[PDB]
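**Student:**
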Amino acid sequence: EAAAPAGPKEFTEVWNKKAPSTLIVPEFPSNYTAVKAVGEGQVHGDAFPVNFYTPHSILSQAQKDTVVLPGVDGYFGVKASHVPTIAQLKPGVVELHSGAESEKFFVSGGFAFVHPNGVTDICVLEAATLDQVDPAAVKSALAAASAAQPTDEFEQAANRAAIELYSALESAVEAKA
Amino acid sequence: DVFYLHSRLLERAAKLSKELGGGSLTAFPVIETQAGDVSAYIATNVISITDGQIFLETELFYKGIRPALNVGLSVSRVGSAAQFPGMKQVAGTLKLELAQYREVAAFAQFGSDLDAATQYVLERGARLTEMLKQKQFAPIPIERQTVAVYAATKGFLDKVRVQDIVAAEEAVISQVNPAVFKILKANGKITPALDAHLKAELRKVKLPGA
Amino acid sequence: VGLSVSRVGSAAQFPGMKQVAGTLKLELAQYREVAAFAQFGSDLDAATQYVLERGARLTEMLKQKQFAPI
Amino acid sequence: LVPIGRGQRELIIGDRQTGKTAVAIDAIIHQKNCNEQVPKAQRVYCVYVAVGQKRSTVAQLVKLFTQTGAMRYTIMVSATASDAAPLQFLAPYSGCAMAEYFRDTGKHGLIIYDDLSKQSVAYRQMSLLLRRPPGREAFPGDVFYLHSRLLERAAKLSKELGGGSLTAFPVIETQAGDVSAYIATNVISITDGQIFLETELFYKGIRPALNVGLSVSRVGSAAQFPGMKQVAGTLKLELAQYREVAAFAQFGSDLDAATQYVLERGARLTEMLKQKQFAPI
Amino acid sequence: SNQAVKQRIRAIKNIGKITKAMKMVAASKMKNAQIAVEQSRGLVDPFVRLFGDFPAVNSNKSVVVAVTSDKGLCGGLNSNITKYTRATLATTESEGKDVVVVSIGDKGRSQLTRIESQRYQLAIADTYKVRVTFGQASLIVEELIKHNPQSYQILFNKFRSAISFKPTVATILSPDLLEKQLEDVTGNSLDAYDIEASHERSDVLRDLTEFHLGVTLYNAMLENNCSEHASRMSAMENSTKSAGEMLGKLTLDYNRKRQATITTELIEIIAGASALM
Amino acid sequence: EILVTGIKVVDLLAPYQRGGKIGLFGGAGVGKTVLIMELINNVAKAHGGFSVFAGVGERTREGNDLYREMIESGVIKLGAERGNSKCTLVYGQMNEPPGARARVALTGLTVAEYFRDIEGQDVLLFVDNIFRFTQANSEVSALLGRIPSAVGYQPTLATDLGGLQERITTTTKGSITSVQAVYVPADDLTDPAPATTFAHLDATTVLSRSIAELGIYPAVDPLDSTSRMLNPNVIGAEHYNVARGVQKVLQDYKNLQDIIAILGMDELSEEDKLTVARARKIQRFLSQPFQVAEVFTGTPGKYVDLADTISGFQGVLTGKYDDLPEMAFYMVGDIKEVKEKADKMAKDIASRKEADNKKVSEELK
Amino acid sequence: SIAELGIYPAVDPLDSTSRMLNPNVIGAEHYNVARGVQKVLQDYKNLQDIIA
Amino acid sequence: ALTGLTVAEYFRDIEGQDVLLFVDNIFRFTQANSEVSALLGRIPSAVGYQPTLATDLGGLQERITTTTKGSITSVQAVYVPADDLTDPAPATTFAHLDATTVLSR
Amino acid sequence: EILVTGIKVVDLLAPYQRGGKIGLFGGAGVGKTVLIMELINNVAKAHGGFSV
Amino acid sequence: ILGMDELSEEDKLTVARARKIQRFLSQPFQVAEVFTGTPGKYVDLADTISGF
Ligand SMILES: Nc1ncnc2c1ncn2[C@@H]1O[C@H](COP(=O)(O)OP(=O)(O)OP(=O)(O)O)[C@@H](O)[C@H]1O
Ligand SMILES: Nc1ncnc2c1ncn2[C@@H]1O[C@H](COP(=O)(O)OP(=O)(O)O)[C@@H](O)[C@H]1O
Ligand SMILES: [Mg+2]
Ligand SMILES: [Mg+2]
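Protein sequences appear in the order of chains A, B, C, D, E, F, G, H, I and J.
Quick note on the deposited numbering: the first sequence kicks off at 23 and runs consecutively.
Quick note on the deposited numbering: the second sequence kicks off at 353 and runs consecutively.
Quick note on the deposited numbering: the third sequence kicks off at 423 and runs consecutively.
Quick note on the deposited numbering: the fourth sequence kicks off at 212 and runs consecutively.
Quick note on the deposited numbering: the fifth sequence kicks off at 39 and runs consecutively.
Quick note on the deposited numbering: the sixth sequence kicks off at 158 and runs consecutively.
Quick note on the deposited numbering: the seventh sequence kicks off at 367 and runs consecutively.
Quick note on the deposited numbering: the eighth sequence kicks off at 262 and runs consecutively.
Quick note on the deposited numbering: the ninth sequence kicks off at 158 and runs consecutively.
Quick note on the deposited numbering: the tenth sequence kicks off at 419 and runs consecutively.
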């Protein structure tokens, strides 16, 4: 079942036997991270740490007390000692709240995680803020999306994703405070 | 006839036979060099007359290593296997460590690759370079020199990084028994009866480097 | 300009020309050090390329036209 | 690439140890093979004059010429280094007089002045000892007239005077590829061609080490075998396109996969021009 | 013969200014990537604190990806991970697994073909032409995903600073074949994470490991780009020092040749004059 | 015919003719006299014929060291046994005025020529620094009412040097194997005395300064020394082909040295790294510790047989020993001792420690 | 060095000059294209230390 | 410069003072002595210089010393001919110079 | 002994040996004549010695 | 080639120290006060050593 005892610290000694001894052991991504999963604690009250990520930027790493994820079974909110979670998100808005202040970020589809230590790792591709999106060409984008309907399953999937993304952008642009 | 000038000048420095008095004479001709070229006229003339060389490099003198003996180009093959043998025990090892330091300092003109055993060579050579250099007008006798090179070709000095060896040489000269200096001078070489004393005294040293 | 010097200097220069030539030769002295970098034109530094294009302004400014005394 | 016609002074210049004498001896050795096939009238009678060479070297060459049979057609004028400098000044001239008999009587002649840069030294010895004022490097200014009186005697006469010829082969020893030396700069302007041999090509495998960018012949393709003119007309172009594609690829930078062929095509040609020691093809 | 050493000084001095320009180019371009690498470092920690770190696994088929540079002015970079490729591919083979070596960068096919050609299938080039973008990473990941290995190994140099470039193996496993199998410790340490997917866990882990491969390959071909600018910086300041010391030696030889020529041609005149009067 | 010398670079790249002339071109500190002492210690014992060592203007202390060597090595036997001796020294060393250094080569040559002509046996004439003969003649010729020639020398340089050097050659009745050091004046091979001296030597072995600066002893330049015996009609095709291979690799490395100095070994392609690695191995492999150099180094000298030279150099040309590092070929006898040093080289890289206790350095023994 | 590049005749394009190169003697359209060809060849000569 | 040394020697030995001297551009004193020694027919030495370069420069520079009466400190501007310190005029100058002072632009 | 000329840089870094020789590697417009005049003024003011 | 704010705190204190030392090596000269106005200041040696 788990008959391969791998690991980064075990890889050093199995690297010392076949490679020549003149080279330093190569590094691993476990050495470049300190915030782990089963490290118990990391809650310290109502402020749970939030690792909001993006491939090209880091928009938030400070601590929040509420994050609302647009999961595929619906939008759901993340609290301090949240359940361990592997959540695939719908294209929608994530809600960053630290308290009295509230900032809302529209996300494009991508996973989101909660680990047992109460820390979150929000992992989405394009996290567009609502101030840089437009409410004008979104209806024309849906009018393009509600027009081209060919028989290909590939185009059907991409076009349905277009309809759901543009309709979520419309719902998350019309009801703004 | 400049070659004949320098030749008939320098050729009178001999070690005469035992039937002609047994005297001697030692030359030290000093040749001024322009931009360090060995391939002059006068330099290559006097090199083909003299029994050795002592090359003083400008770059080693500018970096504060005074005296600036270029140990690569400086050879004297009549005096080796003719010298004080108590020095000559550790001096061959000293030659190998200085040659290794020359080779690895040429191989690392800039510090980017670390092998963690060549760094032992690059530490030992910068230690020995700091041990050998001295201040001006300061003669050092051979018995206070064999001990100071004995305590550096071996361990007993790797505790300082590189810096306070200028204090550590006079520290180990002061903190040894001066009775061993008479023994190492009169005996001529490091006997095991004195080698065990030399290993014994060198570990109780109050070294100012830590 | 990097070699040709006048040992008199600007002390007998025409005034008004002295107001401008000191800045001219200063930018040209920065230009001759930033010279031989114009072939890497795709790589800017946004300030070395400004003094590079200003040296290209001034070096093509001082051209004459074969018995055209000004 | 540098074809040699009858009536051409062609210079064989190199460094100290290049294939200078051996590329000259091959021209003498092959004249055993041609003269056993051509008729009586177009026979080439070689004359190899040795100026300032070692006397053991000349006894090796007459050992070699009697070993292959080339001594049936060859005069060997030896001015060894034991001979005084008024002899080695003279022996290229007197070798030419022994060879100009064949240009006098309608046959074709071949003369190889070995190391004319030692004739100039043996002329430098007398002129500095008869109190003539030295000019360049110690040589009197008429050291051009030393060689031009000699090399211009090699000619192909006209058909009323017998129709003979006389092909020269002056040999010049430079120091370190120093073609700017005083003695060499005289002879390169005199002779019709130049066969410049380089030592760093000689150890790279190129034997004969003909520096093919620097070897030219002013007589050109008007005086070669007709079968090789149409064929090797692209050969000197194919080696010409070998050098600048090898002058760029040495850094390990980039290949173009078609200029990789033109560097490969020249490499099947560079190894093609190598020849053995005493082999006439 | 005195014209050779002057034009050689002319050549070596402009080579010195060329490398004095390209050290500026490389140390400049190291900084404009430095506003993106620590940002591209954002998505490399959650997957390794989620999936763990299990390189030494007995995969049946494995795609090792050694991403290299484009222009060959690296300086201890391309051949380093070329030897690291076999050094981390040899400790992992024990039972004869399928191995698909993939090299990114034009300086990968020039070096990895020599040592491992029979297990070499894909060579992705011109990847640093404009910049690095995430959809390029998704496309190269999908071109790896056309085949279905049991693991992935990503060989790339971690840019920590301008001196230290320790190469790294980033590990990406097959989702149902090996990823969920390696988490089996007293049941499953993944099942404490409650799934919020559309379908079952077995096809959301496929999506997760494809995203993991795409993210870590993007991070690899950004960190190799920034360490390539850093290594070209460290190589162009050694060529500048080398064309400084070579220029100094050739200037000393030019001065010695100048003095020798003027002394010899003066001796020529004096020997011509005193032997006349 | 071949003369086996027992030096690696000598017997491989420029082998000596037994009935020829041998030249050593040195630049004041490259070791032509140490090389000629090793050539004595190899050749003059096995070659049973008479030997003549004519010192022309070298150090007097080296003459006295040679006398104290050739007395206690049985070459010269004094007292009642003067007849058993095998060497005759003619010494006009550099303290003598330039009349006396201008003829002591002729004296040693006359002593060699009596053994050649009348006695009729094979003579080893070891002329020490024949350039000093030209120097003594040039010092005389400034005063003889003559004009100076090129660089400073005689007008009559060439015929004088010919009139010496064409006597030292092997006639029908006797043979003289001449080993001559030729001091180049100022590392200047375009000087007319070495330029004239190149044309008189059968197997020239040129010693360089730059190869001595890398510590490779003997500092024979492998790409400029040559012979007339380096030809496939006298030595067999295997030796000639391995010699041309090693010269090809060394010439390609000397081409690549410019790009190696500017860019480094990183910029080069993998076949060029193969060429550079092979070239560094065969460049260190020409070095050997000498049997005469053991008086100032402690390393025991190694005689290298010609078959072991051809075995080791053919092996490093084809690639049988590519795994070994550079330092395994430095100061070694031949290819058995290369792997013997690679055993020693590997072994000390780990075992470097553990001498704290079990020493004699307690107080009571 | 131009002859070794194969350009026959091997006329050096830069250092070959004339006093008939004044635009008030031969007209300006000749001198403009001649100085243009000289400038383009001089830029290629300054660049062939980096192309090399 | 010998007239300058004479007025400086009168200010040193008789007046007992601590005198400064300024040999303006000692390379031109070298050039003037080279011209007078090529003029009289003496054989010129290395690169172009007089054969009496070292001694007729040391005849100048050795009257510039301390004395028990007073001192003479001389400040000589030195120009390097091809900007080469292997040239015999700065090589024979710099064996007398004690302290160099580089002025920069 | 040392000659106190008064300037900080030539009394601190490269001191003027009293009785020795001094090298100036000047140029044009770098203030060498002002340096000469200030040296004369300072030595004549303090050390009681003239200048030539 | 890296930036002004790049270097550490152990070196940039010496950057400030060298940039205030190198301007401190200057001196107003008394012979130039005829066209600079500021009178010169003759500096002793012990004050230079202590104040540096
Ligand atoms: N075509 C060839 N192939 C192989 N080896 C050659 C060839 N030509 C010459 N050699 C070798 O090159 C060496 C030098 O040849 P050559 O006799 O031409 O030298 P050289 O320049 O004439 O010397 P010198 O001018 O001093 O007599 C000889 O040992 C010869 O064996
Ligand atoms: N085989 C060798 N091993 C070590 N050193 C050598 C060897 N051959 C020459 N040398 C060195 O070369 C130096 C000069 O040698 P020598 O022949 O005495 O000089 P010269 O060539 O000027 O006579 C010597 O000091 C010696 O150390
Ligand atoms: Mg010849
Ligand atoms: Mg000697």
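Ideal Cβ positions, reconstructed from N, Cα and C, are used throughout, including at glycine.
(1) Going by Cα to Cα distance, which pick from 285/D, 253/D, 289/D and 477/D is closest to residue 267/D?
(2) Could you please give me the residues that DSSP links to residue 357/F through a beta bridge?
(3) Taking CB distances under 8 Å as the criterion, tell me whether residue 353/B reaches chain E.
(4) Could you please give me the residues that DSSP links to residue 104/E through a beta bridge?
(5) Is it the case that the Cβ atoms of residue 110/E and residue 145/E are separated by a distance below 8 Å?
(6) Does any residue of chain I have a CB that is nearer than 8 Å to the CB of residue 360/H?
(7) Any beta-carbon of chain B closer than 8 Å to the one on residue 292/F?
(8) So, helix, strand or coil for residue 117/A, using DSSP?
(9) Determine the burial state of residue 112/A: buried for a count of at least 16 other Cβ atoms within 10 Å of its Cβ, exposed for fewer.
(10) Do you know how far the Cα of residue 195/F is from the Cα of residue 177/F?
(11) Kindly say whether residue 217/F, judged by its beta-carbon, lies nearer than 8 Å to any beta-carbon of chain B.
(12) Taking only beta-carbon atoms, is residue 40/E less than 8 Å away from chain G?
(13) How far does the alpha helix (DSSP H) with residue 83/E in it reach, from first residue to last?
(14) First and last residue of the beta strand (DSSP E) that includes residue 287/D?
(15) Any beta carbon from chain E within less than 8 Å of residue 425/J's own beta carbon?
(16) Name, please, each residue of chain I whose Cβ falls closer than 8 Å to the Cβ of residue 282/H.
(17) Does the CB of residue 165/I have a neighbour CB from chain J at under 8 Å?
(18) To the nearest whole angstrom, what separates the beta carbons of residue 224/D and residue 234/D, a pair I think is in contact under 8 Å?
(19) By the criterion of Cβ-Cβ separation under 7 Å, what are the contact partners of residue 56/E in chain G?
(20) Who pairs with residue 232/E in a beta bridge, going by DSSP?
(21) Rank 153/A, 52/A, 164/A and 83/A by C-alpha distance to the C-alpha of residue 127/A and give the top, closest one.
(22) Tell me whether the stretch 288-302 of chain H and the stretch 382-394 of chain G touch, counting them as touching only if at least three CB pairs, one residue from each stretch, are closer than 8 Å.
(23) At a cut-off of 7 Å, would you count residue 190/F as near ligand 4, judging by its Cβ distance to the nearest heavy atom?
(24) In angstroms, rounded to a whole number, what distance separates the CA positions of residue 127/F and residue 486/F?
(25) Taking the runs of the alpha helix (DSSP H) that are 4 residues or longer, which of them lie wholly in the stretch 241-284 of chain E?
(26) Measuring from the CB of residue 180/F, is there a heavy atom of ligand 2 at a distance below 7 Å?
(27) What three-state label does DSSP hand residue 142/A in the structure shown?
(28) Can you give the beta carbon distance from residue 91/E to residue 50/A, rounded, assuming they're within the 8 Å contact cut?
(29) State yes or no: is the beta carbon of residue 330/F nearer than 8 Å to at least one beta carbon in chain D?
(30) Roughly how many whole angstroms lie between the Cα atoms of residue 178/E and residue 215/E?
(31) Would you say residue 400/D reaches chain E, if we count a Cβ-Cβ gap shorter than 8 Å as a contact?
(32) Taking a cut of 9 Å between CB atoms, which residues from the stretch 84-102 of chain A lie near chain E?
**Tutor:** Judging by the given coordinates:
(1) 289/D
(2) In DSSP, residue 357/F forms no bridge with anything.
(3) no
(4) 141/E and 193/E
(5) yes
(6) yes
(7) yes
(8) strand
(9) buried
(10) 19 Å
(11) yes
(12) no
(13) 83-89
(14) 286-291
(15) no
(16) 208 and 209
(17) yes
(18) At roughly 11 Å, the Cβ-Cβ gap does not stay under 8 Å, so residue 224/D and residue 234/D are not in contact.
(19) 416
(20) 107/A
(21) 153/A
(22) no
(23) yes
(24) Residue numbering for chain F in the displayed model covers 158 to 522; residue 127/F lies beyond these limits and cannot be assessed.
(25) none
(26) no
(27) strand
(28) 5 Å
(29) no
(30) 22 Å
(31) no
(32) 91, 93, 94, 95 and 98
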